[PDB]
Amino acid sequence: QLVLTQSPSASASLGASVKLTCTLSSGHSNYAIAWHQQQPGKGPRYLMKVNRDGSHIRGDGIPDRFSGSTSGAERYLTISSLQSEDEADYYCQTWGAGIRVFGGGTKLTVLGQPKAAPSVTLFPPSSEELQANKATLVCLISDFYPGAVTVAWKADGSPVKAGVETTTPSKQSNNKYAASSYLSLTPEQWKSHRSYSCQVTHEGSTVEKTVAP
Amino acid sequence: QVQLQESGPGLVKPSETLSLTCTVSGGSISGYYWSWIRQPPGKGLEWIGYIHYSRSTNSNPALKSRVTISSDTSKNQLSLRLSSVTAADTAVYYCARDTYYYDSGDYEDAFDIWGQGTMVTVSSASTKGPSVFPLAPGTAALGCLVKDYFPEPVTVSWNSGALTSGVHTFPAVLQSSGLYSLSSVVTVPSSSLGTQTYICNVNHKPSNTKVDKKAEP
């Protein structure tokens, strides 16, 4: 059975090199493979073909920081001078008789990117939404690194647990992280309090924003 | 300049047949194998099958009983039909340009161009277009709140695609209603607040909903 084995994750620091591995099952140790990259949020793109003899052929436009190599049943993708944009899922793939198969993918984390505190903006319910007899507070959390935060909501100063939805941080175009938190209320609840608060904790420091009806 | 574009419905009901097309531009489908691939949300890539217009077609043994792949030379298109769908078939579906076979009969293995992918959700729930609300504002954030739509995705551009900077469109949240909501935000100079207008262009293809909303002070 043709199998490509990839371990699910790999890690290395900004500016370093990393060697990702793809292992062919024993009966297919002489096969060529292709490497594909899938940056978070987008479709896959082809990187290169790695041949049995160790030669590799990059796709048009793929940076020369990407190279490939072979050792027995191992097929490698070496990425040098790691940049933030290299955080992605990397899939190996091969060709068989009437079949193609993918490895399980390897998620690469690039460690040690520059630290950044989040910018927080809290939006009250829009007049349009209130006119539609609904109310959402939107807490926007921008431009932070590393990509983990916790969010705490308060009404007048009392914690609010119900009706909170928070997204998992994802990378922005500038390679910093963003996240969003939503607090759902009725219009009467919104209008009944003096204020609502969104408090974001990031690397042990808190940033808080308040809005009033 | 060869490009691949998948299309099909974003929503099909369980037990129905999913029908997708892969339209090739900038070159001919002749001579190449063309592959179909899919990716369930958050999971890996699964090869579905392939076709060469004058050689063969085949598919993954786990899916072969439900998969029919064909080609249309006049339209320069490949197609995929997946029958008896269930929630396990919810995925983004891709086509890719695969191995090229020369007239001699020899070939060179390849898998070098991907389409953009098209998102398919298998559900009995009905399509619903979003409600869009502005998030009103030396730097300032403004945005649009895109509420209560189904299925995914919605795309949000700003100023008819002419604004491409501090734009970030967040992942959607799945609410207990079974509907999705997301927000799209842009960071703009405070000095351009009384000057430039900011309009989010919200597209929800499964309901063919199109909404422009101004985010104003």
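Letters A, B, ... mirror the listed sequences (proteins, then strands); counts begin at 1. Side chains are part of it too, since the values below use all heavy atoms of this structure and drop only hydrogens, waters and symmetry mates.
Taking the ring centroids of B:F170 and B:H168, they lie under the 6.0 Å cut-off. A distance below 6.0 Å separates the ring centres of B:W114 and A:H36.
Panel note: side chain B:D148, backbone B:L179; no donor-acceptor pair is recorded below 3.5 Å. Although no hydrogens or angles enter the test, the distance criterion places no donor-acceptor pair under 3.5 Å between the side chain of A:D156 and the main chain of A:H193. Not one N or O on the side chain of A:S13 forms a donor-acceptor pair closer than 3.5 Å with the backbone of A:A16. In this structure, B:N159 contributes its side chain and B:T197 its backbone to a donor-acceptor pair below 3.5 Å. Listed for the A:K209 side chain is no donor-acceptor partner under 3.5 Å among the backbone atoms of A:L122. Of the possible donor and acceptor atoms, none in the side chain of B:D112 sits under 3.5 Å from a partner among the backbone N and O of A:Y46. B:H204 contributes a side-chain N or O that, together with a main-chain N or O of B:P151, makes up a donor-acceptor pair within less than 3.5 Å. Side chain of B:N203 to main chain of B:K205: no donor-acceptor pair is present (N/O by atom type, distance under 3.5 Å, no hydrogens or angles). With hydrogens and angles disregarded, no donor-acceptor distance shorter than 3.5 Å links the side chain of B:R81 to the backbone of B:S19. With hydrogens and angles ignored, the 3.5 Å screen pairs no side-chain donor or acceptor of B:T118 with any backbone N or O of B:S7.
Put simply, the residue from B:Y100, B:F111, B:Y50 that forms a ring pair (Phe, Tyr, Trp, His ring centres under 6.0 Å) with B:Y33 is B:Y50.
The nearest pair of heavy atoms linking A:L14 to A:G112 is CD2-O, 4.0 Å. Scanning all heavy atoms of the two residues, the minimum distance from A:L130 to A:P187 falls at CD2-CB, 3.9 Å. Summarising the geometry of A:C92 relative to A:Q6, their closest heavy-atom pair is N-OE1, 3.1 Å, with the distance given to 0.1 Å. Between A:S181 and A:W153, the shortest heavy-atom contact is OG-NE1, 2.9 Å.
Side-chain atoms of A:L108 and A:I79, non-hydrogen and from C-beta on, do get closer than 4.5 Å to each other. Counting heavy atoms from C-beta on, the side chains of A:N175 and A:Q83 never come closer than 4.5 Å. Looking only at side-chain heavy atoms (C-beta outward), A:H202 and A:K115 come within less than 4.5 Å of each other. Within the 4.5 Å cutoff, the side chain of B:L145 has no heavy atoms near those of the A:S126 side chain. Between B:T73 and B:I29 there is a side-chain heavy-atom pair separated by less than 4.5 Å.
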#### Entry: side-chain contact (heavy atoms from CB on, under 4.5 Å) assessment of B:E16 paired with B:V122
CA-CA 9 Å; B:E16 285 183 336; B:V122 178; over 6 Å; no

### Query
Going through the checks in order, is the ring pair (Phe, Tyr, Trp, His ring centres under 6.0 Å) test met by B:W34 and B:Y53?
CA-CA 9 Å; B:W34 298 89; B:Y53 74 130; over 10 Å; no

### Task
Could you give me the CA-CA distance, side-chain angles and deciding distance for A:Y76 and A:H56, then say whether side-chain contact (heavy atoms from CB on, under 4.5 Å) is met?
CA-CA 10 Å; A:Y76 299 117; A:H56 73 281; over 6 Å; no

### Task
Could you please spell out the steps behind the side-chain contact (heavy atoms from CB on, under 4.5 Å) verdict for B:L163 and B:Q196?
CA-CA 11 Å; B:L163 181 42; B:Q196 166 87 47; over 6 Å; no

### Audit row: A:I62, A:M48, side-chain contact (heavy atoms from CB on, under 4.5 Å) steps and yes/no
CA-CA 8 Å; A:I62 300 308; A:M48 75 184 58; 5.5 Å; no

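Sorted by first and then second residue, the disulfide (SG to SG under 2.5 Å) pairs involving residues 110-210 of chain A (not counting sequence neighbours) are A:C139-A:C198. Residue pairs meeting the side-chain hydrogen bond (donor to acceptor under 3.5 Å, both in side chains) criterion with at least one member in residues 208-217 of chain B, sequence neighbours excluded, are B:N201-B:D212, B:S207-B:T209.
A search for ring pair (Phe, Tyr, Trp, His ring centres under 6.0 Å) contacts involving B:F133 returns nothing, not counting sequence neighbours.
A salt bridge links A:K171 and A:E87; the closest N-O separation between the charged side-chain nitrogens and carboxylate oxygens is under 4.0 Å.
With rounding to the nearest 0.5 Å, the separation of OG in B:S177 from NZ in B:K128 is 8.5 Å. Put simply, CG on B:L4 and CD on B:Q77 are 11.0 Å apart, with the number rounded to the nearest 0.5 Å. Remark: A:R100 CZ to B:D98 CG distance equals 4.0 Å, nearest 0.5 Å. Taken to the nearest 0.5 Å, the OG1 atom of B:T121 stands 7.5 Å off from the CD atom of B:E152.
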List the atom pairs, with distances to 0.1 Å, where a side-chain N or O of residues 182-194 of chain B and a protein N or O form a donor-acceptor pair under 3.5 Å, not counting sequence neighbours.
residue: B:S183; atom: OG; partner: A:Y182; partner atom: OH; Å: 2.7
residue: B:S184; atom: OG; partner: B:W158; partner atom: NE1; Å: 3.0
residue: B:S184; atom: OG; partner: B:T169; partner atom: OG1; Å: 2.8
residue: B:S190; atom: OG; partner: B:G138; partner atom: O; Å: 3.3
residue: B:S190; atom: OG; partner: B:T139; partner atom: N; Å: 3.2
residue: B:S192; atom: OG; partner: B:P189; partner atom: O; Å: 2.7
residue: B:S192; atom: OG; partner: B:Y198; partner atom: OH; Å: 3.3

Let me check something: any side-chain donor-acceptor pairs from residues 36-45 of chain B under 3.5 Å, sequence neighbours excluded? List them with distances.
residue: B:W36; atom: NE1; partner: B:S79; partner atom: O; Å: 3.4
residue: B:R38; atom: NE; partner: B:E46; partner atom: OE1; Å: 2.8
residue: B:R38; atom: NH1; partner: B:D89; partner atom: OD1; Å: 2.8
residue: B:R38; atom: NH1; partner: B:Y93; partner atom: OH; Å: 3.1
residue: B:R38; atom: NH2; partner: B:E46; partner atom: OE1; Å: 3.1
residue: B:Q39; atom: OE1; partner: A:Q38; partner atom: NE2; Å: 2.7
residue: B:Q39; atom: NE2; partner: A:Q38; partner atom: OE1; Å: 2.8
residue: B:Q39; atom: NE2; partner: A:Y91; partner atom: OH; Å: 3.2
residue: B:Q39; atom: NE2; partner: B:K43; partner atom: O; Å: 3.0

In a table with atom names and distances, give each donor-acceptor pair under 3.5 Å that connects a side chain of residues 140-147 of chain A to protein atoms at least two apart or in another chain.
residue: A:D143; atom: OD1; partner: A:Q172; partner atom: NE2; Å: 2.4
residue: A:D143; atom: OD1; partner: A:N174; partner atom: ND2; Å: 3.0
residue: A:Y145; atom: OH; partner: A:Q113; partner atom: N; Å: 3.4

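A:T210 and A:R194 share no side-chain donor-acceptor pair at under 3.5 Å. B:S181 and B:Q175 share a donor-acceptor pair across their side chains, judged by distance under 3.5 Å alone. The closest side-chain donor-acceptor pair between A:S67 and A:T78, if any, does not fall under 3.5 angstrom.
Under a cut-off of 6.0 angstrom, the local environment of NZ in A:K161 is sparse, with at most 12 non-hydrogen atoms contributed by other residues, nucleotides or ligands. Within 6.0 Å of atom CD1 in A:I57, 12 or fewer heavy atoms from other residues, nucleotides or ligands are found, so the atom counts as exposed in its surroundings.
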